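Visitor: Got a structure for you, final-v8.tsv, holding TSV, N, CA and C atoms and all ligand atoms.
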```tsv
chain	number	residue	atom	x	y	z
A	1	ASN	N	-4.69	23.77	-10.05
A	1	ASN	CA	-5.90	23.80	-9.24
A	1	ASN	C	-7.13	23.62	-10.10
A	2	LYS	N	-7.23	22.48	-10.77
A	2	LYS	CA	-8.33	22.27	-11.70
A	2	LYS	C	-8.90	20.87	-11.52
A	3	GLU	N	-8.02	19.87	-11.64
A	3	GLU	CA	-8.36	18.48	-11.35
A	3	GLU	C	-8.05	18.20	-9.88
A	4	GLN	N	-7.06	18.93	-9.35
A	4	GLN	CA	-6.79	18.96	-7.91
A	4	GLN	C	-8.10	19.21	-7.16
A	5	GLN	N	-8.73	20.33	-7.50
A	5	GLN	CA	-9.98	20.81	-6.91
A	5	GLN	C	-11.06	19.74	-6.91
A	6	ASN	N	-11.22	19.07	-8.04
A	6	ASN	CA	-12.13	17.95	-8.10
A	6	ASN	C	-11.85	16.89	-7.04
A	7	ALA	N	-10.61	16.41	-6.97
A	7	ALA	CA	-10.26	15.33	-6.04
A	7	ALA	C	-10.56	15.76	-4.63
A	8	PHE	N	-10.23	17.02	-4.35
A	8	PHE	CA	-10.44	17.64	-3.06
A	8	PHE	C	-11.87	17.42	-2.64
A	9	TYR	N	-12.77	17.82	-3.53
A	9	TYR	CA	-14.20	17.74	-3.25
A	9	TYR	C	-14.61	16.29	-3.02
A	10	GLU	N	-14.09	15.41	-3.87
A	10	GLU	CA	-14.52	14.01	-3.85
A	10	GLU	C	-14.18	13.38	-2.50
A	11	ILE	N	-13.01	13.75	-1.98
A	11	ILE	CA	-12.56	13.26	-0.69
A	11	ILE	C	-13.47	13.77	0.41
A	12	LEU	N	-13.84	15.04	0.30
A	12	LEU	CA	-14.75	15.66	1.25
A	12	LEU	C	-16.01	14.86	1.41
A	13	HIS	N	-16.46	14.26	0.32
A	13	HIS	CA	-17.76	13.61	0.33
A	13	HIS	C	-17.72	12.08	0.32
A	14	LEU	N	-16.53	11.50	0.40
A	14	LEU	CA	-16.40	10.07	0.62
A	14	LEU	C	-17.04	9.71	1.95
A	15	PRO	N	-18.20	9.03	1.90
A	15	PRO	CA	-19.04	8.79	3.09
A	15	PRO	C	-18.31	8.21	4.31
A	16	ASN	N	-17.51	7.16	4.12
A	16	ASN	CA	-17.16	6.30	5.24
A	16	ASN	C	-15.96	6.79	6.04
A	17	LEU	N	-15.19	7.69	5.46
A	17	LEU	CA	-14.09	8.30	6.20
A	17	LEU	C	-14.59	9.02	7.45
A	18	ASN	N	-13.82	8.91	8.53
A	18	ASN	CA	-14.07	9.74	9.69
A	18	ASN	C	-13.43	11.10	9.42
A	19	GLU	N	-13.67	12.05	10.30
A	19	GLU	CA	-13.30	13.42	10.01
A	19	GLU	C	-11.86	13.70	10.42
A	20	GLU	N	-11.22	12.74	11.09
A	20	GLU	CA	-9.76	12.79	11.28
A	20	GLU	C	-9.08	12.32	10.00
A	21	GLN	N	-9.62	11.26	9.41
A	21	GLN	CA	-9.11	10.77	8.13
A	21	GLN	C	-9.33	11.81	7.03
A	22	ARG	N	-10.57	12.27	6.88
A	22	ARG	CA	-10.87	13.36	5.95
A	22	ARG	C	-9.79	14.45	6.07
A	23	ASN	N	-9.63	14.98	7.28
A	23	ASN	CA	-8.66	16.07	7.56
A	23	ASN	C	-7.25	15.76	7.11
A	24	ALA	N	-6.86	14.49	7.22
A	24	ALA	CA	-5.52	14.07	6.82
A	24	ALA	C	-5.29	14.32	5.35
A	25	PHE	N	-6.13	13.70	4.51
A	25	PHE	CA	-5.97	13.81	3.06
A	25	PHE	C	-6.05	15.25	2.60
A	26	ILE	N	-6.94	16.01	3.23
A	26	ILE	CA	-7.20	17.39	2.83
A	26	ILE	C	-5.97	18.28	2.97
A	27	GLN	N	-5.45	18.42	4.19
A	27	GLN	CA	-4.45	19.46	4.44
A	27	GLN	C	-3.14	19.02	3.84
A	28	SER	N	-3.03	17.72	3.60
A	28	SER	CA	-1.86	17.13	2.97
A	28	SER	C	-1.89	17.31	1.45
A	29	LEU	N	-3.09	17.48	0.89
A	29	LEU	CA	-3.21	17.78	-0.55
A	29	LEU	C	-3.08	19.29	-0.75
A	30	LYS	N	-3.27	20.04	0.32
A	30	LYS	CA	-2.96	21.46	0.29
A	30	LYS	C	-1.44	21.68	0.19
A	31	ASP	N	-0.64	20.99	1.00
A	31	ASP	CA	0.82	21.18	0.99
A	31	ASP	C	1.49	20.62	-0.25
A	32	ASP	N	0.76	19.78	-0.98
A	32	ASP	CA	1.30	19.16	-2.17
A	32	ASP	C	0.19	18.68	-3.11
A	33	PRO	N	-0.40	19.61	-3.87
A	33	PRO	CA	-1.46	19.29	-4.83
A	33	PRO	C	-0.96	18.55	-6.06
A	34	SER	N	0.34	18.38	-6.19
A	34	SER	CA	0.88	17.65	-7.33
A	34	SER	C	0.56	16.18	-7.12
A	35	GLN	N	0.41	15.82	-5.84
A	35	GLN	CA	0.10	14.46	-5.39
A	35	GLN	C	-1.41	14.17	-5.33
A	36	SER	N	-2.20	14.90	-6.12
A	36	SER	CA	-3.66	14.82	-6.02
A	36	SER	C	-4.18	13.42	-6.29
A	37	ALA	N	-3.84	12.87	-7.46
A	37	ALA	CA	-4.31	11.54	-7.90
A	37	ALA	C	-3.97	10.41	-6.94
A	38	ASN	N	-2.89	10.59	-6.17
A	38	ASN	CA	-2.40	9.55	-5.26
A	38	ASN	C	-3.12	9.55	-3.92
A	39	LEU	N	-3.38	10.75	-3.41
A	39	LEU	CA	-4.12	10.88	-2.18
A	39	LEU	C	-5.58	10.47	-2.36
A	40	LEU	N	-6.16	10.74	-3.54
A	40	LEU	CA	-7.55	10.35	-3.81
A	40	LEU	C	-7.68	8.83	-3.82
A	41	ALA	N	-6.77	8.18	-4.53
A	41	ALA	CA	-6.68	6.73	-4.58
A	41	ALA	C	-6.58	6.09	-3.20
A	42	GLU	N	-5.68	6.58	-2.36
A	42	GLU	CA	-5.52	6.00	-1.03
A	42	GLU	C	-6.81	6.14	-0.21
A	43	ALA	N	-7.43	7.31	-0.26
A	43	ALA	CA	-8.67	7.55	0.48
A	43	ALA	C	-9.81	6.70	-0.09
A	44	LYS	N	-9.91	6.63	-1.42
A	44	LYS	CA	-10.87	5.76	-2.08
A	44	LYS	C	-10.81	4.32	-1.53
A	45	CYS	N	-9.59	3.81	-1.36
A	45	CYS	CA	-9.35	2.48	-0.79
A	45	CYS	C	-9.75	2.45	0.68
A	46	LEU	N	-9.37	3.49	1.40
A	46	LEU	CA	-9.69	3.58	2.82
A	46	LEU	C	-11.20	3.60	3.06
A	47	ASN	N	-11.93	4.23	2.15
A	47	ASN	CA	-13.36	4.44	2.34
A	47	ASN	C	-14.19	3.23	1.91
A	48	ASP	N	-13.90	2.68	0.74
A	48	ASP	CA	-14.54	1.43	0.35
A	48	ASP	C	-13.54	0.44	-0.29
A	49	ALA	N	-12.98	-0.45	0.53
A	49	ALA	CA	-11.97	-1.41	0.08
A	49	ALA	C	-12.51	-2.42	-0.91
A	50	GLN	N	-13.80	-2.73	-0.82
A	50	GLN	CA	-14.41	-3.60	-1.81
A	50	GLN	C	-14.63	-2.78	-3.08
A	51	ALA	N	-15.33	-1.65	-2.97
A	51	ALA	CA	-15.68	-0.90	-4.17
A	51	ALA	C	-14.50	-0.26	-4.89
A	52	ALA	N	-13.43	0.06	-4.17
A	52	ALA	CA	-12.26	0.72	-4.78
A	52	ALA	C	-11.08	-0.26	-5.02
A	53	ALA	N	-11.38	-1.36	-5.71
A	53	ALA	CA	-10.39	-2.41	-5.96
A	53	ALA	C	-9.13	-1.93	-6.71
A	54	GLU	N	-9.31	-1.19	-7.81
A	54	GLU	CA	-8.16	-0.74	-8.58
A	54	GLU	C	-7.24	0.17	-7.73
A	55	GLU	N	-7.83	1.11	-7.00
A	55	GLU	CA	-7.06	2.02	-6.13
A	55	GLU	C	-6.27	1.27	-5.04
A	56	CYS	N	-6.89	0.26	-4.43
A	56	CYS	CA	-6.18	-0.61	-3.50
A	56	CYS	C	-5.01	-1.37	-4.17
A	57	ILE	N	-5.28	-1.96	-5.32
A	57	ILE	CA	-4.26	-2.68	-6.07
A	57	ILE	C	-3.13	-1.73	-6.40
A	58	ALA	N	-3.52	-0.50	-6.73
A	58	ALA	CA	-2.59	0.57	-7.09
A	58	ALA	C	-1.57	0.79	-6.01
A	59	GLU	N	-2.10	1.11	-4.84
A	59	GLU	CA	-1.28	1.41	-3.69
A	59	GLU	C	-0.46	0.16	-3.33
A	60	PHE	N	-1.12	-0.99	-3.33
A	60	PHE	CA	-0.48	-2.25	-2.95
A	60	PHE	C	0.68	-2.63	-3.87
A	61	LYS	N	0.63	-2.16	-5.11
A	61	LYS	CA	1.72	-2.36	-6.06
A	61	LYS	C	2.95	-1.59	-5.60
A	62	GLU	N	2.76	-0.32	-5.25
A	62	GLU	CA	3.85	0.53	-4.77
A	62	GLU	C	4.48	-0.07	-3.51
A	63	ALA	N	3.65	-0.65	-2.64
A	63	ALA	CA	4.15	-1.39	-1.49
A	63	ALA	C	5.03	-2.55	-1.94
A	64	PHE	N	4.58	-3.29	-2.94
A	64	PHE	CA	5.35	-4.40	-3.49
A	64	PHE	C	6.70	-3.91	-3.97
A	65	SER	N	6.68	-2.91	-4.85
A	65	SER	CA	7.89	-2.34	-5.40
A	65	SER	C	8.93	-1.97	-4.33
A	66	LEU	N	8.46	-1.69	-3.12
A	66	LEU	CA	9.36	-1.30	-2.04
A	66	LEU	C	10.29	-2.44	-1.61
A	67	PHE	N	9.76	-3.67	-1.62
A	67	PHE	CA	10.53	-4.87	-1.27
A	67	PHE	C	11.24	-5.46	-2.46
A	68	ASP	N	10.54	-5.40	-3.59
A	68	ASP	CA	11.02	-5.93	-4.85
A	68	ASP	C	11.86	-4.85	-5.53
A	69	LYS	N	13.06	-4.64	-4.98
A	69	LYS	CA	13.91	-3.52	-5.37
A	69	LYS	C	14.48	-3.68	-6.79
A	70	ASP	N	14.87	-4.90	-7.17
A	70	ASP	CA	15.39	-5.13	-8.52
A	70	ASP	C	14.23	-5.23	-9.52
A	71	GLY	N	13.03	-5.48	-9.00
A	71	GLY	CA	11.83	-5.34	-9.80
A	71	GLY	C	11.51	-6.55	-10.67
A	72	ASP	N	12.01	-7.73	-10.31
A	72	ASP	CA	11.78	-8.94	-11.11
A	72	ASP	C	10.39	-9.54	-10.80
A	73	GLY	N	9.49	-8.69	-10.32
A	73	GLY	CA	8.13	-9.07	-9.98
A	73	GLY	C	8.07	-10.13	-8.90
A	74	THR	N	9.09	-10.15	-8.04
A	74	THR	CA	9.19	-11.18	-7.01
A	74	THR	C	10.00	-10.70	-5.81
A	75	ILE	N	9.53	-11.04	-4.61
A	75	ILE	CA	10.27	-10.77	-3.39
A	75	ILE	C	11.06	-11.99	-2.92
A	76	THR	N	12.38	-11.88	-3.04
A	76	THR	CA	13.30	-12.93	-2.62
A	76	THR	C	13.40	-12.88	-1.10
A	77	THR	N	14.03	-13.90	-0.52
A	77	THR	CA	14.34	-13.91	0.90
A	77	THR	C	15.35	-12.77	1.22
A	78	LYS	N	16.25	-12.50	0.28
A	78	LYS	CA	17.31	-11.52	0.46
A	78	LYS	C	16.74	-10.10	0.51
A	79	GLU	N	15.82	-9.82	-0.40
A	79	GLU	CA	15.16	-8.52	-0.51
A	79	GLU	C	14.37	-8.19	0.75
A	80	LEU	N	13.77	-9.23	1.33
A	80	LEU	CA	13.09	-9.13	2.62
A	80	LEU	C	14.11	-8.68	3.67
A	81	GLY	N	15.22	-9.41	3.75
A	81	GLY	CA	16.29	-9.09	4.66
A	81	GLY	C	16.84	-7.70	4.41
A	82	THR	N	17.09	-7.37	3.15
A	82	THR	CA	17.69	-6.10	2.78
A	82	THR	C	16.84	-4.95	3.30
A	83	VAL	N	15.53	-5.07	3.14
A	83	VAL	CA	14.59	-4.03	3.56
A	83	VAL	C	14.50	-3.92	5.08
A	84	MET	N	14.47	-5.08	5.74
A	84	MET	CA	14.24	-5.16	7.17
A	84	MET	C	15.41	-4.63	7.98
A	85	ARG	N	16.63	-5.00	7.58
A	85	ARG	CA	17.86	-4.56	8.27
A	85	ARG	C	18.13	-3.07	8.03
A	86	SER	N	17.59	-2.55	6.93
A	86	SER	CA	17.56	-1.11	6.67
A	86	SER	C	16.59	-0.40	7.63
A	87	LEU	N	15.67	-1.18	8.21
A	87	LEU	CA	14.76	-0.68	9.24
A	87	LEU	C	15.23	-1.01	10.66
A	88	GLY	N	16.54	-1.25	10.81
A	88	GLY	CA	17.12	-1.51	12.12
A	88	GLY	C	16.77	-2.84	12.80
A	89	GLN	N	16.09	-3.73	12.08
A	89	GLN	CA	15.75	-5.06	12.63
A	89	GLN	C	16.87	-6.07	12.32
A	90	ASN	N	17.07	-7.05	13.19
A	90	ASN	CA	18.10	-8.04	12.91
A	90	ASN	C	17.55	-9.45	12.95
A	91	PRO	N	17.04	-9.92	11.80
A	91	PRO	CA	16.50	-11.28	11.74
A	91	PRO	C	17.59	-12.32	11.46
A	92	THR	N	17.45	-13.47	12.11
A	92	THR	CA	18.21	-14.65	11.71
A	92	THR	C	17.70	-15.08	10.35
A	93	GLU	N	18.60	-15.63	9.54
A	93	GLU	CA	18.27	-15.97	8.16
A	93	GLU	C	17.22	-17.09	8.11
A	94	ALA	N	17.00	-17.74	9.25
A	94	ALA	CA	15.97	-18.77	9.38
A	94	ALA	C	14.57	-18.21	9.61
A	95	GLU	N	14.45	-16.95	10.03
A	95	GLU	CA	13.13	-16.34	10.21
A	95	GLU	C	12.69	-15.68	8.92
A	96	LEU	N	13.67	-15.17	8.17
A	96	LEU	CA	13.43	-14.67	6.83
A	96	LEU	C	12.81	-15.78	5.98
A	97	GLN	N	13.33	-16.99	6.15
A	97	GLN	CA	12.81	-18.17	5.47
A	97	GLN	C	11.41	-18.53	5.96
A	98	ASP	N	11.18	-18.43	7.27
A	98	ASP	CA	9.86	-18.75	7.82
A	98	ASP	C	8.84	-17.69	7.41
A	99	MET	N	9.29	-16.44	7.30
A	99	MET	CA	8.39	-15.36	6.88
A	99	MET	C	7.96	-15.48	5.42
A	100	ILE	N	8.86	-15.83	4.51
A	100	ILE	CA	8.43	-16.06	3.13
A	100	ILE	C	7.51	-17.30	3.09
A	101	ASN	N	7.91	-18.40	3.74
A	101	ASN	CA	7.18	-19.68	3.66
A	101	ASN	C	5.72	-19.60	4.12
A	102	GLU	N	5.41	-18.53	4.86
A	102	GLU	CA	4.16	-18.37	5.58
A	102	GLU	C	3.13	-17.67	4.69
A	103	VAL	N	3.61	-17.12	3.57
A	103	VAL	CA	2.74	-16.50	2.57
A	103	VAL	C	3.03	-16.97	1.14
A	104	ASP	N	3.70	-18.11	0.99
A	104	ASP	CA	4.04	-18.64	-0.33
A	104	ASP	C	3.07	-19.74	-0.76
A	105	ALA	N	2.24	-19.42	-1.74
A	105	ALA	CA	1.26	-20.36	-2.26
A	105	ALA	C	1.96	-21.51	-2.95
A	106	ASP	N	2.46	-21.27	-4.16
A	106	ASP	CA	3.02	-22.32	-5.00
A	106	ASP	C	4.31	-22.91	-4.44
A	107	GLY	N	4.66	-22.53	-3.22
A	107	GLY	CA	5.82	-23.08	-2.53
A	107	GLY	C	7.11	-23.07	-3.34
A	108	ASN	N	7.41	-21.95	-3.99
A	108	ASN	CA	8.63	-21.85	-4.79
A	108	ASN	C	9.72	-20.97	-4.14
A	109	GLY	N	9.53	-20.59	-2.88
A	109	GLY	CA	10.58	-19.91	-2.14
A	109	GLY	C	10.62	-18.39	-2.26
A	110	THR	N	9.81	-17.85	-3.16
A	110	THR	CA	9.69	-16.41	-3.28
A	110	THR	C	8.23	-15.99	-3.18
A	111	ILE	N	7.96	-14.71	-3.42
A	111	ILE	CA	6.62	-14.19	-3.24
A	111	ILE	C	6.20	-13.31	-4.42
A	112	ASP	N	5.16	-13.74	-5.14
A	112	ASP	CA	4.60	-13.00	-6.28
A	112	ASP	C	3.50	-12.03	-5.84
A	113	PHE	N	3.12	-11.13	-6.73
A	113	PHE	CA	2.15	-10.10	-6.40
A	113	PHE	C	0.80	-10.67	-5.94
A	114	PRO	N	0.29	-11.74	-6.62
A	114	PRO	CA	-0.91	-12.42	-6.10
A	114	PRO	C	-0.77	-12.93	-4.67
A	115	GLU	N	0.34	-13.58	-4.36
A	115	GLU	CA	0.56	-14.03	-2.98
A	115	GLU	C	0.60	-12.84	-2.05
A	116	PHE	N	1.22	-11.76	-2.50
A	116	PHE	CA	1.33	-10.56	-1.69
A	116	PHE	C	-0.07	-10.05	-1.35
A	117	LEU	N	-0.92	-10.01	-2.37
A	117	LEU	CA	-2.32	-9.63	-2.21
A	117	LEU	C	-3.05	-10.42	-1.13
A	118	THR	N	-2.81	-11.72	-1.10
A	118	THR	CA	-3.51	-12.58	-0.17
A	118	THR	C	-3.14	-12.22	1.27
A	119	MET	N	-1.85	-12.01	1.51
A	119	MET	CA	-1.35	-11.67	2.83
A	119	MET	C	-1.97	-10.38	3.35
A	120	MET	N	-2.11	-9.40	2.47
A	120	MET	CA	-2.75	-8.16	2.85
A	120	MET	C	-4.22	-8.37	3.19
A	121	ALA	N	-4.89	-9.17	2.37
A	121	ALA	CA	-6.30	-9.45	2.55
A	121	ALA	C	-6.56	-10.09	3.90
A	122	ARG	N	-5.61	-10.92	4.33
A	122	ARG	CA	-5.83	-11.85	5.45
A	122	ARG	C	-6.18	-11.17	6.77
A	123	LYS	N	-5.22	-10.44	7.34
A	123	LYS	CA	-5.52	-9.65	8.52
A	123	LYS	C	-6.30	-8.43	8.04
A	124	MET	N	-7.36	-8.09	8.78
A	124	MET	CA	-8.46	-7.26	8.29
A	124	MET	C	-9.17	-7.99	7.15
A	201	CA	CA	13.11	-9.11	-6.68
A	202	CA	CA	5.60	-17.89	-4.82
```
Will you turn the file into structure tokens for me?

Guide:
Amino acid sequence: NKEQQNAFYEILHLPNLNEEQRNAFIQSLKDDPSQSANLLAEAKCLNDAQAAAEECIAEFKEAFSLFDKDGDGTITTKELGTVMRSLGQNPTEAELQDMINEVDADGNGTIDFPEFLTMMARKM
């Protein structure tokens, strides 16, 4: 309860959060203060997505790692499928292909972290 306390305060005073959002980070950092640095980062991104670039990239990396299970810095068509069918969805292997193709810049059949970034940026 030393650097925890700091983050706590900082979240309290992040201007742009609404008080439902504020409340979320707060009581959740109470139940698990070991997670202090991570909740601050997420809120920092939530509050100013332009100003909190590193914190957004931070969180977005962990999102990447979720699909990129073998960790070769790339999301294959298979890894997409592997993740999705684990979520009870049943895609035809032709939609998995259309889903990668729809966010693939250099058109090499997979998805790199920069391409991943663009997709996130796009909606919103
Ligand atoms: Ca991979
Ligand atoms: Ca690519």

Visitor: Under the rule that only C-alpha atoms and all ligand atoms are counted, which of A:28, A:18, A:89, A:77 is the nearest residue to ligand CA 201 (chain A)?

Guide: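 Between A:28, A:18, A:89, A:77, the residue approaching ligand CA 201 (chain A) most closely is A:77.
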
Visitor: Suppose you want the space between atom N of residue A:36 and atom N of residue A:21; what is it in Å?

Guide: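 Separation of atom N of residue A:36 and atom N of residue A:21: 17.6 Å.
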
Visitor: List every residue of chain A that has an atom at most 6.5 Å from any atom of ligand CA 201 (chain A), giving for each one its closest atom pair and the distance in Å to one decimal, counting all atoms listed in the file, sorted by chain and then by ascending residue number, as JSON lines.

Guide:
```
{"residue": "A:67", "atom": "C", "partner": "A:CA201", "partner_atom": "CA", "distance": 5.9}
{"residue": "A:68", "atom": "CA", "partner": "A:CA201", "partner_atom": "CA", "distance": 4.2}
{"residue": "A:69", "atom": "N", "partner": "A:CA201", "partner_atom": "CA", "distance": 4.8}
{"residue": "A:70", "atom": "N", "partner": "A:CA201", "partner_atom": "CA", "distance": 4.6}
{"residue": "A:71", "atom": "N", "partner": "A:CA201", "partner_atom": "CA", "distance": 4.3}
{"residue": "A:72", "atom": "N", "partner": "A:CA201", "partner_atom": "CA", "distance": 4.0}
{"residue": "A:73", "atom": "N", "partner": "A:CA201", "partner_atom": "CA", "distance": 5.2}
{"residue": "A:74", "atom": "C", "partner": "A:CA201", "partner_atom": "CA", "distance": 3.6}
{"residue": "A:75", "atom": "N", "partner": "A:CA201", "partner_atom": "CA", "distance": 4.6}
{"residue": "A:76", "atom": "N", "partner": "A:CA201", "partner_atom": "CA", "distance": 4.6}
```

Visitor: Now that the selection is made, can you save its residues with N, CA and C atoms as a short mmCIF file (atom, residue, chain, number, x, y, z; two decimals), in the coordinates of the input?

Guide:
```
data_model
loop_
_atom_site.label_atom_id
_atom_site.label_comp_id
_atom_site.auth_asym_id
_atom_site.auth_seq_id
_atom_site.Cartn_x
_atom_site.Cartn_y
_atom_site.Cartn_z
N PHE A 67 9.76 -3.67 -1.62
CA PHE A 67 10.53 -4.87 -1.27
C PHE A 67 11.24 -5.46 -2.46
N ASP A 68 10.54 -5.40 -3.59
CA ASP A 68 11.02 -5.93 -4.85
C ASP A 68 11.86 -4.85 -5.53
N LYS A 69 13.06 -4.64 -4.98
CA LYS A 69 13.91 -3.52 -5.37
C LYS A 69 14.48 -3.68 -6.79
N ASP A 70 14.87 -4.90 -7.17
CA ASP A 70 15.39 -5.13 -8.52
C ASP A 70 14.23 -5.23 -9.52
N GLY A 71 13.03 -5.48 -9.00
CA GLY A 71 11.83 -5.34 -9.80
C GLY A 71 11.51 -6.55 -10.67
N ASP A 72 12.01 -7.73 -10.31
CA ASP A 72 11.78 -8.94 -11.11
C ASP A 72 10.39 -9.54 -10.80
N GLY A 73 9.49 -8.69 -10.32
CA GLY A 73 8.13 -9.07 -9.98
C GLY A 73 8.07 -10.13 -8.90
N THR A 74 9.09 -10.15 -8.04
CA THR A 74 9.19 -11.18 -7.01
C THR A 74 10.00 -10.70 -5.81
N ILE A 75 9.53 -11.04 -4.61
CA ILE A 75 10.27 -10.77 -3.39
C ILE A 75 11.06 -11.99 -2.92
N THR A 76 12.38 -11.88 -3.04
CA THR A 76 13.30 -12.93 -2.62
C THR A 76 13.40 -12.88 -1.10
#
```

Visitor: Write out as a Markdown table the residues of chain A that have any atom within 10 Å of an atom of ligand CA 202 (chain A), one row each with the nearest atom pair and its distance in Å to one decimal, counting only C-alpha atoms and all ligand atoms, sorted by chain and then rising number.

Guide:
```
| residue | atom | partner | partner_atom | distance |
| --- | --- | --- | --- | --- |
| A:74 | CA | A:CA202 | CA | 7.9 |
| A:75 | CA | A:CA202 | CA | 8.6 |
| A:76 | CA | A:CA202 | CA | 9.4 |
| A:100 | CA | A:CA202 | CA | 8.6 |
| A:101 | CA | A:CA202 | CA | 8.8 |
| A:103 | CA | A:CA202 | CA | 8.0 |
| A:104 | CA | A:CA202 | CA | 4.8 |
| A:105 | CA | A:CA202 | CA | 5.6 |
| A:106 | CA | A:CA202 | CA | 5.1 |
| A:107 | CA | A:CA202 | CA | 5.7 |
| A:108 | CA | A:CA202 | CA | 5.0 |
| A:109 | CA | A:CA202 | CA | 6.0 |
| A:110 | CA | A:CA202 | CA | 4.6 |
| A:111 | CA | A:CA202 | CA | 4.2 |
| A:112 | CA | A:CA202 | CA | 5.2 |
| A:113 | CA | A:CA202 | CA | 8.7 |
| A:114 | CA | A:CA202 | CA | 8.6 |
| A:115 | CA | A:CA202 | CA | 6.6 |
| A:116 | CA | A:CA202 | CA | 9.0 |
```

Visitor: Using only C-alpha atoms, which of the listed residues (A:27, A:97, A:16, A:34) sits closest to residue A:1?

Guide: A:34

Visitor: Here is a test: counting only C-alpha atoms, which residue of A:12, A:24, A:84, A:121 is nearest to residue A:50?

Guide: A:121

Visitor: For a test of reading the model, state the distance in Å between atom CA of residue A:60 and atom CA of residue A:35, rounded to one decimal.

Guide: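 Straight-line distance from atom CA of residue A:60 to atom CA of residue A:35 works out to 16.9 Å.
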
Visitor: Need the shell around residue A:47: protein/DNA/RNA residues with any atom at most 6 Å away, counting only C-alpha atoms. Skip same-chain ones fewer than 2 positions apart. Format as an mmCIF file with N, CA and C atoms, keeping the file's coordinate frame?

Guide:
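Saved to out08.cif:
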```cif
data_model
loop_
_atom_site.group_PDB
_atom_site.id
_atom_site.type_symbol
_atom_site.label_atom_id
_atom_site.label_comp_id
_atom_site.auth_asym_id
_atom_site.auth_seq_id
_atom_site.Cartn_x
_atom_site.Cartn_y
_atom_site.Cartn_z
ATOM 1 N N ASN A 16 -17.510 7.160 4.120
ATOM 2 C CA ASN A 16 -17.160 6.300 5.240
ATOM 3 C C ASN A 16 -15.960 6.790 6.040
ATOM 4 N N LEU A 17 -15.190 7.690 5.460
ATOM 5 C CA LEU A 17 -14.090 8.300 6.200
ATOM 6 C C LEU A 17 -14.590 9.020 7.450
ATOM 7 N N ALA A 43 -7.430 7.310 -0.260
ATOM 8 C CA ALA A 43 -8.670 7.550 0.480
ATOM 9 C C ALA A 43 -9.810 6.700 -0.090
ATOM 10 N N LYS A 44 -9.910 6.630 -1.420
ATOM 11 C CA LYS A 44 -10.870 5.760 -2.080
ATOM 12 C C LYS A 44 -10.810 4.320 -1.530
ATOM 13 N N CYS A 45 -9.590 3.810 -1.360
ATOM 14 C CA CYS A 45 -9.350 2.480 -0.790
ATOM 15 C C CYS A 45 -9.750 2.450 0.680
#
```

Visitor: Name the residues in contact with residue A:42 at a cut-off of 10 Å, using only C-alpha atoms, excluding same-chain residues fewer than 2 positions from it; report them as a PyMOL selection string.

Guide: chain A and resi 25+37-40+44-47+49+52+55-56+58-60

Visitor: Please list as a ChimeraX atom specification every residue within 6.5 Å of stretch 2-5 of chain A, counting all atoms listed in the file and excluding residues in the same chain fewer than 2 positions away.

Guide: /A:7-10,33,36

Visitor: What is the atom CA of residue A:99 to atom CA of residue A:64 distance in Å?

Guide: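 Atom CA of residue A:99 sits 15.4 Å away from atom CA of residue A:64.
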
Visitor: When DSSP works through the backbone of this structure, what residues of stretch 8-79 of chain A end up as alpha helix (DSSP H), shown as a ChimeraX atom specification?

Guide: /A:8-12,19-30,36-47,53-67,77-79

Visitor: Mind working out the centre and edge lengths of an axis-aligned box for stretch 27-34 of chain A, all listed atoms inside, 8 Å added to each side, rounded to one decimal in Å and written as AutoDock Vina command-line options?

Guide:
```
--center_x -2.0 --center_y 18.9 --center_z -1.4 --size_x 22.9 --size_y 21.5 --size_z 27.8
```

Visitor: Given only N, CA and C atoms as the basis, pick out the residue of A:66, A:57, A:119, A:124 nearest to residue A:83.

Guide: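 Checking each of A:66, A:57, A:119, A:124 against residue A:83, counting only N, CA and C atoms, the winner is A:66.
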